[PDB]
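Some notes on the structure that comes next.
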Amino acid sequence: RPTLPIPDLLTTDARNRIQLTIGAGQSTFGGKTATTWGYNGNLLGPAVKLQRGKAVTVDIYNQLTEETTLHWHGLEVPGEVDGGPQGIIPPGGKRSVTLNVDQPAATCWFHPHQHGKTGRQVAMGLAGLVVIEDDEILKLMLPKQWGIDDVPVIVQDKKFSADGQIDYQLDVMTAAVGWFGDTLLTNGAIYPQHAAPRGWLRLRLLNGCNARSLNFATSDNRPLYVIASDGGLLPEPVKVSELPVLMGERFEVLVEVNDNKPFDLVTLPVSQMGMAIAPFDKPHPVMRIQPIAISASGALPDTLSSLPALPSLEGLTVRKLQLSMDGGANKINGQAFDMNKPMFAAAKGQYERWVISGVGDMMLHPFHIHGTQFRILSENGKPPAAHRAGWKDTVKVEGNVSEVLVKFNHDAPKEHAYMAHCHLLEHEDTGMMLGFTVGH
Ligand SMILES: [Cu+2]
Ligand SMILES: [Cu+2]
Ligand SMILES: [Cu+2]
């Protein structure tokens, strides 16, 4: 019933600056008000729009009463501006960062990375988007009318207490299984409707849940055409009937909109501890798409981009990352995250093979590496699915072993280290994270 909220597409001003204010306010869910946090607003955040090769400065004002950090998930930027747990912005503080984007068009995102409290700060409402454009993507005639036929879809669950407030506590169960709830939000709204031009509709999907994996489909089983993953366009669209999306992952899809029939985007029950409990025991509506008769702008191209050949593996450095959960201690290579002790020093500008194992438990670990867009060689036992075979910043690890081919183009010293971690936020917050350096 409510219309789908559309994050503002925020570009630079004449001074080449973008302002983000982090703050607390109020939102309403099912007629009950709650304290929430947002960037440039009460909840969630804008879509920061960047152009490849054009530097911008982002002025970040922390108007929370606790410290936070601002991490650009998916961006290939130096450790200095990565906004991992060392990137502290004190209460009432200001921090400016220069972003010099040098990667292909993609939908990335941004969120807090406060040490030990990333889950709570995301749960409270902090997340925004990053839209990177380049000259290539603009030649494709994709749907491009922001908030009309090019729509961000940030999907998140929340657990609310009886008083209507967000209920987040990092207790033993929450630390093991993750924070999840029985209420689904779509750009902050409960089961919103979106009026979409007849023709093609582009959805920029973000699984912004702390712990819940998702599996997108349409209520009448019309296909979704995947055109992009975390790190940008696929070579060609990949038609799917369902689309699993792990925590922190993005996919852009095209879906057909026919004059007549409204339909829902839905999420299908998943096989994951906690997540099949009602109301997620059956297909669960995410949003209603309402066909309208206004001008469309784009269509589905036969070809999207050119992906590089995977290079020969001979002579590449191999790094092994063993994930574990010992009682209440979550760790990598037998170590809970130590912010003053990067685990290893990666080379800058050199392909490496990273092998990440979840052998020893059956929990779901979407493993995310900062500072890169990588290629998955093996995902949890098999070469990746076609729509997952392009540029990724996350790889599934669940009771098996994954292998990714990674290259870091920017420096990250000990004082501003890159993170590699499980993006089940409660696992990260209780130790399933390492720091690593790149270059000097
Ligand atoms: Cu990240
Ligand atoms: Cu420095
Ligand atoms: Cu995990």
Side-chain angles (χ1 to χ4, degrees), residues 69-88 95 97-98 103 106-113 118-119 122 127-130 174-180 206 208-213 230-231 246-250 272-275 321-326 328-332 336-337 356-374 380 392-400 402 406 408 410-440:
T69 80
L70 198 158
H71 168 60
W72 312 89
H73 180 131
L75 287 198
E76 302 166 14
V77 297
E80 192 129 305
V81 302
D82 187 50
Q86 295 158 303
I88 298 292
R95 189 194 180 91
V97 295
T98 301
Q103 66 193 90
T107 309
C108 293
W109 67 297
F110 65 96
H111 64 77
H113 233 297
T118 297
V122 175
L129 292 167
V130 184
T174 303
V177 310
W179 190 72
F180 67 95
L206 166 63
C209 295
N210 282 39
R212 174 182 296 284
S213 65
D230 304 325
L246 309 176
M247 298 80 82
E249 282 188 335
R250 292 79 63 211
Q272 188 197 338
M273 178 79 74
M275 305 309 164
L321 292 70
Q322 176 65 63
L323 310 183
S324 69
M325 302 181 68
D326 171 49
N330 299 323
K331 10 180 224 255
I332 310 185
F337 174 59
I356 308 108
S357 172
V359 176
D361 69 77
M362 290 295 119
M363 307 303 279
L364 173 62
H365 311 288
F367 197 76
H368 172 57
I369 304 169
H370 291 206
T372 191
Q373 291 290 334
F374 57 67
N380 212 46
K392 300 288 281 78
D393 61 47
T394 306
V395 61
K396 188 178 175 184
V397 178
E398 182 182 62
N400 210 306
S402 298
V406 66
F408 306 100
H410 310 278
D411 290 310
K414 176 175 62 175
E415 330 82 71
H416 322 299
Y418 289 136
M419 305 290 114
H421 62 95
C422 178
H423 217 283
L424 197 156
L425 295 184
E426 288 61 53
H427 289 176
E428 174 200 322
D429 277 342
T430 55
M432 199 177 282
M433 177 153 70
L434 64 88
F436 67 100
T437 57
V438 174
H440 195 95

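Positions are given from 1 along the sequence. Whatever order the structure lists them in is the order used to number ligands and atoms, beginning at 1. Computed over heavy atoms, backbone and side chain alike; hydrogens, waters and symmetry mates excluded.
At a cut-off of 2.8 Å, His365 coordinates the Cu ion (ligand 3) through an N, O or S atom. Among the backbone and side-chain atoms of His423, none of the N, O or S atoms lies under 2.8 Å from the Cu ion (ligand 1). In summary, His368 places an N/O/S atom under 2.8 Å from the Cu ion (ligand 1), meeting the contact criterion.
The aromatic ring centres of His427 and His421 sit 6.0 Å or more apart.
Annotation: angle subtended at the Cu ion (ligand 3) by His427 ND1 and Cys422 SG is 130°, to 10°.
The Cu ion (ligand 1) sits nearest to atom NE2 when only the N, O or S atoms of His71 are considered. Taking the Cu ion (ligand 2) as reference, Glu80 places its N/O/S atom OE1 nearest.
Within 6.0 Å of atom CE in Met273, 12 or fewer heavy atoms from other residues, nucleotides or ligands are found, so the atom counts as exposed in its surroundings.
With respect to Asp393, the side-chain contact (heavy atoms from CB on, under 4.5 Å) criterion is satisfied by exactly one of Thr372, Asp230, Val406: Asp230.
Between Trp179 and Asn210, the closest heavy-atom pair is O-CB, 3.7 Å.
Below 30°, between 30° and 60°, or above 60°: for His423 and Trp109 the angle between ring planes is between 30° and 60°, a tilted geometry.
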